[PDB]
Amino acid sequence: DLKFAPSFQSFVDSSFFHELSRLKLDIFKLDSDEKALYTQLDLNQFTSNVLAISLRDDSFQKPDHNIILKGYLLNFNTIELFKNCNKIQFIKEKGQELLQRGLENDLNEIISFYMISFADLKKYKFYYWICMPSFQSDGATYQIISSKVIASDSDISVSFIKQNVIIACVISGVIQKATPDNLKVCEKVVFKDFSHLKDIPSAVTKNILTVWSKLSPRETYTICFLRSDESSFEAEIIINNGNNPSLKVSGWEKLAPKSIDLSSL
């Protein structure tokens, strides 16, 4: 079977909750804050081998070049709402949305991160939980039928790296947008993997597979996993039992909220 590394490891500098605090304070949003997060994906220097989602105070401003990942924050107003938030129903829905977006627009859209949190600006404790939805057909499994190392130096590799996209496809040897019609005829999909783990792509690869699957039903699916790590590899994948009508979503960072009680001088 094909295993997937958690798609990311969160790194929320106190400056993020400081900023969240500030932002949650700009206007007394007594309701739950649903902000868009932005983090310049450092596809060079990872943390513990998985993409590092580094949320600082800047993670709230859309940047200018480099690859910027758009995420979403859902800051609950009460600890109970945060605790009671049906986390499974939540990631399931976020999962179905990425599915839709991937099979109707571009595969790059199937990748995102969502954070739920509770900023206790009183007892000065910040409870949060980040997830990067990883969906697939219920009961679905994946085997890598084939894989080969990829030269980051390749004219075609450089062609992908020269691009601001993290996911693309190849059509007649030339890198093309991972669009539906392109996906229906492309030889493969190129992905700037969120994992530097040897041959273990980020759990987010399921998204690509799941979407590409429904768009272009095929015996197999080939995906190039590029890494600045030297670990870049291309893989041919087969989906097992990918036909169930249900979507199985995961992605929640490990399974419990993280609470940073910045009140320990």
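The first residue of the shown sequence is 1; numbering continues from there.
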{"property": "Residues of the deposited sequence left unbuilt between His65 and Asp64", "result": "1 to 3"}
{"property": "Residues of the deposited sequence that sit between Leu255 and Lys254 yet are not modelled", "result": "4 to 9"}
{"property": "Stretch with the greater mean C-alpha B-factor as recorded in the entry, comparing 74 to 82 against 150 to 158", "result": "150 to 158"}
{"property": "Segment of higher mean CA temperature factor, 17 to 25 or 245 to 253", "result": "17 to 25"}
{"property": "Record-listed C-alpha B factor of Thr141: chain third", "result": "middle"}
{"property": "Where the record places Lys206 (Cα B-factor, split into thirds across the chain)", "result": "lowest"}
{"property": "CA B-factor placement of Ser228, once the chain's modelled residues are sorted into thirds", "result": "highest"}
{"property": "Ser134 CA temperature factor, ranked by third within the chain", "result": "lowest"}
{"property": "Lowest, middle or highest third - CA B-factor, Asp57", "result": "highest"}
